[PDB]
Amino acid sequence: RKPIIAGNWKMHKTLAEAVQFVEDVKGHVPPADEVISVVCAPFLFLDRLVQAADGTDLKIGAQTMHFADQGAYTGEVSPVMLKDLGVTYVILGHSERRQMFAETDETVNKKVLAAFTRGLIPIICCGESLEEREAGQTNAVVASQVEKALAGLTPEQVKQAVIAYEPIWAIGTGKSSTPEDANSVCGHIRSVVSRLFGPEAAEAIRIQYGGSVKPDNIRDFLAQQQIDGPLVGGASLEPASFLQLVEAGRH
């Protein structure tokens, strides 16, 4: 299971900043055969970034996309559009959208199917809230989100999906889940996959941990058996740090 590490810039840079970032990083990202390095930038910069990452191993991804090819959804961007640009990854179901922009597990599932239909590798986010963690439904929440999202896929496709387990209370809070704790939920997710798709799908899929990961702690997480890389937001905004993170995938 090849490690994958994705940077979610969120709403954070200006085109110039964005291109300077790719320029700085693209030459020192680990080889593609070793670690999948992905920078999820805001829509406006995807175009220039896809080019700046000319023939580099630095992959470019979007922070969303709609579930339709084209249509009357003012503001949205389609999986067709993103593909045409050279974007290869797309974050789906991020809580920031689930709780703010009405992203239901239904829309997320639609989007995952669309992703595969259009050639994009989806990074499906799933995680519980503080309240759910405290109430004990962590495993249940995570399980439903994963069950629903992967609905409609074949095992061969599931092997290609990426699942980012991100406990909400850990996103940009400075409070990370522990490797051991995260490892279990991830093991649980992998176990849910196995029960729905099979031991091959489950043994292939790469599950990520997201939530206050830092270049000083990626190693700890990546070292765990069920975890295959980290979805990083805040610590991916600086080229250096990002290079630190992506190198954690044992170069």
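The first residue of the sequence shown is number 1, and the count goes up from there.
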**Request:** Can you let me know which of the two, 152-160 or 84-92, has the higher average C-alpha B-factor in the entry?
**Result:** 152-160
**Request:** Would you determine, from the values in the PDB entry, which of 57-65 and 210-218 has the greater average C-alpha temperature factor?
**Result:** 210-218
**Fill in**
Of the residues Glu166, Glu147, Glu76, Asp105, the one whose Cα carries the largest B-factor in the deposited record is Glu147
**Request:** Would you mind finding, among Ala32, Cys40, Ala182, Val193, the residue with the largest C-alpha temperature factor in the entry?
**Result:** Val193
**Fill in**
Chain-relative C-alpha B factor for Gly229 (record values, thirds): the highest
**Request:** Taking the values exactly as deposited, rank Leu130 by C-alpha B-factor within its chain and report the matching third: lowest, middle or highest.
**Result:** highest
**Request:** Would you please rank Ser241 by its C-alpha temperature factor against the other modelled residues of its chain and give the third it falls in: lowest, middle or highest?
**Result:** middle
**Complete:** Among the modelled residues of its chain, the C-alpha B-factor of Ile36 falls in the third labelled highest
**Message:** Ranking the modelled residues of this chain by C-alpha B-factor as given in the entry, is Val22 in the lowest, middle or highest third?
**Reply:** middle
